[PDB]
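Before any questions on how it binds or moves, here is one chain, the form deposited in one PDB entry, in structure tokens.
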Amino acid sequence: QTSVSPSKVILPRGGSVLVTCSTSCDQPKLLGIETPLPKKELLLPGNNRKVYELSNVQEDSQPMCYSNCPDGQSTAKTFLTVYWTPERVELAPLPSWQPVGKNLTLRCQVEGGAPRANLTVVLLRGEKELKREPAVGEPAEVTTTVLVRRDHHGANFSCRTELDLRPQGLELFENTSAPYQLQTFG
């Protein structure tokens, strides 16, 4: 009885969406949308169709289109999937001067970033990938062990996040931490 367009939405958080609640009836008694999101109804000639502009979408919501029809009351749902880059990408404070032969642990904490299924964390030495793992847990912690060598004197270590939203036709959102320049001795 009750239909909704779009049925599934991918949008940035704090963003807006245009939702259309529609019913199979010609003259229904009730027609609206149940959602705690700020809404502005776009005035149209249709009495069985209603357009809504949902703003400030901060988290995953399921706005429910409702309609009381003579055949019976019916509901329809749209699945809003919100996305946002990590709030904090940082390598754990490590002293620059490290001796040759040391087993050096590089720890990167990643605070937030969603959808997590599309967010992966990368540890690099320059542009060379050391460890690439999907971001799991809050905060997502990625670790690698580097054996300090003379060759690494001056080398920059960094932590990068990749929110790849290309499968659903969007951009790959990259984020880099503050670099750590290794300085060797001995």
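Residues that one form lacks are left out of the comparison. So that there is no doubt, residue numbering starts at 1 and follows the sequence shown. We call the rigid core whatever largest set of C-alpha positions still superposes within 1.5 Å between the two forms.
The form deposited in another entry exists for this protein as well; it is not shown, and the discussion that follows is about that form.
*Asks:* Using a rigid core superposition, assess whether residue 165 undergoes a CA shift of 2 Å or more between the shown form and the other one.
*Replies:* Superposed on the core, residue 165 moves its C-alpha less than 2 Å between the shown form and the other one.
*Asks:* Is it true that residue 72 shifts between the shown form and the other one by 2 Å or more at the Cα, once the core is aligned?
*Replies:* Yes; residue 72 is a residue whose C-alpha shifts (by 2 Å or more) between the shown form and the other one when the cores are overlaid.
*Asks:* Lining up the core, where do at least three residues in a row all have CA moves of 2 Å or more between the shown form and the other one?
*Replies:* Runs found: 1-8, 14-80, listed by sequence.
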